[PDB]
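Quick heads-up: the structure tokens below are two forms of one chain, split into structure 1 and structure 2.
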Structure 1
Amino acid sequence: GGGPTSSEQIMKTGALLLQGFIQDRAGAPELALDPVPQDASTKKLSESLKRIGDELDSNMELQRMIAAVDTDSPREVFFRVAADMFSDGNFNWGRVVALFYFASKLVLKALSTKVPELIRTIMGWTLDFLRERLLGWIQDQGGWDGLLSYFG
């Protein structure tokens, strides 16, 4: 059992902070995300992250720039940005924080494409059932103008 400096603890706490951060920015009861367990100190860290996330969300030019990348291949995008961010060989906490922020934006960009395809998939089932099982009855109503009548 290592302290804060052990890689074990760094990866463990890193995953907790990151997940809590991305979930908080991802927020309909069906879409409720379970809280990440956090001791006091990790909690304070998450609070800090969330405030910085909110200020960064206010920079409209950053938001414009982020939305302009094509995330057809988001993994490629993620590793290019990360590599570039740290290419000069310098490190600071700001950059680590901004990297976490970029990861959360990639989740939301991925969803922006996943949700319409999810919708398309379920429409496929629904319309397929409608066509083979309900269309005959719907025709007897004179099509969807019948539903107009029904609703008055």
Structure 2
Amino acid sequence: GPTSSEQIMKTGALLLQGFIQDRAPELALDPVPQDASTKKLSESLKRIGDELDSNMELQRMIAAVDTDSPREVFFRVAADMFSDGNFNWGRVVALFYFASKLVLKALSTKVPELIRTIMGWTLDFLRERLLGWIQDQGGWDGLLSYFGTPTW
């Protein structure tokens, strides 16, 4: 049934997933259905969502402190969106919009940070194990004439 909690939850997840994906990626979930019904809903989501880019009440409500563990932010802000006991479709879509901004925010720190720590380990190993050898070769320009395949 269209009003059964099972269809509402199933559809809501499909809609949320597709909405986050468009605004940002293999989630290994159920794939978003391409039938007409779902398509109509996804397009309605996009139109209301796009309009929320210039909704500054929402931008204010959603603006977070640098580090505060996304979990803290999320529940407080979401309750805040609904704390007067009112509901409408706009606030529901605002909830999806907020989740999407929170993904973006987390990724813009977690990803560079991840790249940095791994590059840190690598350049550190290079400095301590490989540097003298590279010096003895005359620097990095030796790379230009390497055509071998390494074995171990």
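Note that the rigid core is defined as the largest set of C-alphas that superpose within 1.5 Å between two forms. Sequence positions of structure 1, starting at 1, serve as the residue numbers.
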| Relative to the superposed rigid core, does the CA atom of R95 travel 2 Å or more between structure 1 and structure 2? | no
| message | Superposing on the rigid core, is the Cα displacement of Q141 between structure 1 and structure 2 2 Å or more? | response | yes
| said: If the two forms are fitted on the core, does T113 show a Cα displacement reaching 2 angstroms between structure 1 and structure 2? | reply: no
| query | Once both forms share the same rigid core frame, by what distance in Å has the CA of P74 shifted between structure 1 and structure 2? | reply | 0.5
| After superposing on the rigid core, how many Å does the CA of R131 move between structure 1 and structure 2? | 2.0
| task | Give me the C-alpha shift of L62 between structure 1 and structure 2, core superposed, in Å. | result | 5.6
